[PDB]
Amino acid sequence: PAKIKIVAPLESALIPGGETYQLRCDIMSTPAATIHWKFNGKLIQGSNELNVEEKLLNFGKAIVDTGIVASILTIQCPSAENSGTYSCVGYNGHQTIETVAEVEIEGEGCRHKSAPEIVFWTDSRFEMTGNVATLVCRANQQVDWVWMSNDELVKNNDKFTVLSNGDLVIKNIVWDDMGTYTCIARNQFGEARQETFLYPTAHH
Amino acid sequence: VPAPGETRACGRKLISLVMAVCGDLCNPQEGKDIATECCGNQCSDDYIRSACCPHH
């Protein structure tokens, strides 16, 4: 049965102007959820789009698809225009949830040519042995992606596909695939990294 | 048996999932036992979700 729950909520805050600020939320969901953010009710990051491709790849299978997704919203140079209500919204195709906070800027040399950031990722994905699973990372711009596992490059082959959007798609998962997969987003100025985690559950 | 580094990463992610499902029904010391069990041995989805709070 589908389920969704806040794991790490937003909290309201009076923050200094002109100092970089970051919000984080984490949501548990089955099937996999996406997160988008709103400011005073208006969409500012992310979308409601879901992993339709993996659902096709798991045609005919009993699917576990559960885990925690995380997202971060960065305000580079907070000013009075950034004061208001921030919402982190989760959606899994069946249910929604949200966590909300009021952020107020207090106070008035704040800065381009910077590394990307990874703003949404699979903190954990559980899926049954024998199915396809996806580890998701999304950046704040178009990027070049590389994935690592066990300190080695993940190469594209019959089992692993690295997509241009930041997904790593792993077919026919087995217990030996359990562990951490690091997504690395690069542009011409530098890189951002994030860890994701896969758990292939037992198939009885 | 998983490599030790995969067991390491697993323990944190598994206890987080168990605590999120079970809430206050799962003491962190009991979630840790399920995390250790299921990060050295492969567990089912049902066991991971229910072992720390069998009455849901």
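Being among the aromatic types (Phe, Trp, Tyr), part of a strand (DSSP E or B) and more than 18 Å from the chain's Cα centre (by Cα), is that true of even one residue in the range A:156-170? Show your work before the answer.
To start, the set of residues in the range A:156-170 that are among the aromatic types (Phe, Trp, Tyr) comprises A:160.
Now drop any that are not part of a strand (DSSP E or B), which leaves A:160.
Imposing the further condition that a residue be more than 18 Å from the chain's Cα centre (by Cα) reduces the set to A:160.
There is at least one residue in the range A:156-170 that is among the aromatic types (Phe, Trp, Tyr), part of a strand (DSSP E or B) and more than 18 Å from the chain's Cα centre (by Cα).
Listed by first and then second residue, the pairs with beta-carbon distance under 7 Å, at least 6 apart or on different chains, first residue in the range A:74-98 and under 22 Å from A:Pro16 (Cβ atoms), second small (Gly, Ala, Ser) and in a loop (DSSP other than H, G, I, E, B), are A:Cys77/A:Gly18; A:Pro78/A:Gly17; A:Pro78/A:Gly18; A:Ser79/A:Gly17. Scanning the range A:126-155 for residues being hydroxyl-bearing (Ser, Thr, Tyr), outside any strand (DSSP E or B) and more than 12 Å from chain B (Cβ to nearest Cβ) gives a total of 0.
Just to be sure I understand, how many residues within the range B:33-44 are under 10 Å from the mean Cα position of the chain (by Cα) and crowded, with 16+ Cβ neighbours inside 10 Å? Please lay out each step first, then the result.
Restricting attention to the range B:33-44, the residues satisfying the condition of being under 10 Å from the mean Cα position of the chain (by Cα) are B:33-39, B:43.
From what is left, the residues that are crowded, with 16+ Cβ neighbours inside 10 Å are B:34-35, B:38-39, B:43.
So the answer is 5.
If you check A:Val7, A:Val52 for being assigned by TED's automatic domain parsing to the domain that holds A:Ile105, crowded, with 18+ Cβ neighbours inside 10 Å and within 18 Å of the chain's Cα centre (by Cα), only one passes: A:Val7. Listed conditions (1) within 21 Å of A:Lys5 (Cα to Cα); (2) facing another protein chain (nearest Cβ under 8 Å) are all met by B:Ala9, apart from (1).
In the range A:181-204, the residues that are within 14 Å of another protein chain (Cβ to nearest Cβ) and assigned to a loop (DSSP other than H, G, I, E, B) never reach a residue that is of a type in the set (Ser, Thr, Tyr) and buried (at least 24 other Cβ atoms within 10 Å of the Cβ) with C-beta atoms less than 6 angstrom apart, at least six apart or across chains. One residue alone among B:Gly31, B:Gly40 is within 13 Å of another protein chain (Cβ to nearest Cβ) and more than 14 Å from A:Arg125 (Cα to Cα), and that residue is B:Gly40.
Cβ: placed from backbone, ideal geometry, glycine included. Neighbour counts: every protein chain shown. The values are calculated or read from the model by the stated rules, or taken from the named source; nothing here is a laboratory result.
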